[PDB]
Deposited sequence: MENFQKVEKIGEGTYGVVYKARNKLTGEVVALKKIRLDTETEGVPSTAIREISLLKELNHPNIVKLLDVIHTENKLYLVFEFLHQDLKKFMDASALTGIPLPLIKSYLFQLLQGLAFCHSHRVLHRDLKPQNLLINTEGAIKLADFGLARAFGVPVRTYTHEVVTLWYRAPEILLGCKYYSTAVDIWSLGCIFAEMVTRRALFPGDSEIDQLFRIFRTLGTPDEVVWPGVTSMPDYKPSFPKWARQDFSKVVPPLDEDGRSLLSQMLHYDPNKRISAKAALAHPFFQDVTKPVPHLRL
C-alpha cells in the first residue's frame, strides 16, 4: 500500500471511493478503489476473469480492515462521454461498436456464470483507441434495473445484464435515459407505462413474483417506434428483444452478437477531451 501516490479522486464507486494513483515503484498509473472472507475469495475469482472488454483488476491488497482494488486506468466513463455528446449525439457507428464490445464482454462473463448486476453508463470505461470495458461488478440509481429484480426475484439470471444494456443502448441513441425512475415503484411503473403492464400472457409466472400485486395499474404497450426514434429497424428489433419481460425469452449476449444489426459493425475511435 505504501507503494502508491494518490493523484486525485476520479469518482466514487458503489462500494467505495476510487482514486488515480501512481505506483511509487514501477511508476505505472492505475485506479485504486478503497473498499468478509467470502468476498475475499469472491473477488479473487475476478482476478482470473480477464477479457479485452473487462477493466483489468491488476491486484488486490487486503490490509488492516481496508480492502484496496488496483485497476487499470481508463480516463473517461460512458456517462461523461454521453453528456459531452448530448448536443451532437454519439455517431451510430460508435454506438454500434460499443454495444457489440459490451455484449462480447457480457457473453464472456455469463459463460463463466458471472453476472454484472449493476450495469450503468458510469461503470463503463472508454479509451482513445475506441474500446469500452465493464467496471464495478456488483457482489443508488435504479434506471437500469431489470423488472424481475424489481419484482422480488432473488435468484435472477444473467438476463438482468441484457436488460440493463438494452436500457443503455436506448439512452445512447436518444440521449435521454429510457426509464429514469426515482423510486422502486416509479421505476417499475415507468417500465410498465412503456412496455405495457406484464401479465401471464407475455411473462408466464409474473403474477407469482414476490412483489407483484394485482393492484398494479394496467397500462398498454406503447408504439416501439416511439421509444427510440430514429433508430433503424435492425436496432429497434434488437432492443425489443433485450427488453423482453420474460427473462428466458430475453436475448442472450452471445445470440445478440449474431443479430443483423452488427452485420456492418466497425471500430471507430471516439474524440475524447482528456
Unmodelled spans of the deposited chain sequence come out as 36-44, 149-163
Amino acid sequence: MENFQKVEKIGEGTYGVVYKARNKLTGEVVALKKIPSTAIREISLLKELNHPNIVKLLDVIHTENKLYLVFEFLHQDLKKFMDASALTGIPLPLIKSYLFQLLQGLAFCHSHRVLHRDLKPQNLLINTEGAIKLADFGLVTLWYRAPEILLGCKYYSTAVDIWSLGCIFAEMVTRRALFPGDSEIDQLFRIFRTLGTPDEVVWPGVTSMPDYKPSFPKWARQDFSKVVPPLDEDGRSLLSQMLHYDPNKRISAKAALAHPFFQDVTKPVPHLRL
From here on, numbers count along this sequence of modelled residues.
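Heads up, when I say rigid core I mean the largest set of C-alphas that superpose within 1.5 Å between the two forms.
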Do the Cα atoms of 68-76 or those of 181-189 sit farther, on average, from the shown form in 8 other deposited structures of this protein after fitting on the core? 68-76
Which of the two stretches, 23-31 versus 237-245, has its Cα atoms farther on average from this form in 8 other deposited structures of this protein when everything is superposed by the rigid core? 23-31
On mean C-alpha B-factor from the PDB entry, just flag whether 243-251 or 45-53 is the higher one. 45-53
Determine, for stretches 166-174 and 103-111, which one has the higher mean CA B-factor as deposited. 103-111
Go through 71, 137, 98, 143 one by one and give the residue whose Cα B-factor in the PDB entry is largest. 137
I'd like to know which of 210, 214, 27, 205 has the highest C-alpha temperature factor in the PDB entry. 27
Chain thirds of CA B-factor: placement of residue 186: lowest
Lowest, middle or highest third: where is residue 158 by Cα B-factor in its chain? lowest
Determine, from the deposited record, the chain-internal third of the Cα B-factor for residue 127: lowest, middle or highest. middle
When the modelled residues of the chain are sorted by Cα temperature factor, does residue 83 land in the lowest, middle or highest third? highest
Based on the entry's values, in what third of the chain does the Cα temperature factor of residue 238 lie: lowest, middle or highest? lowest
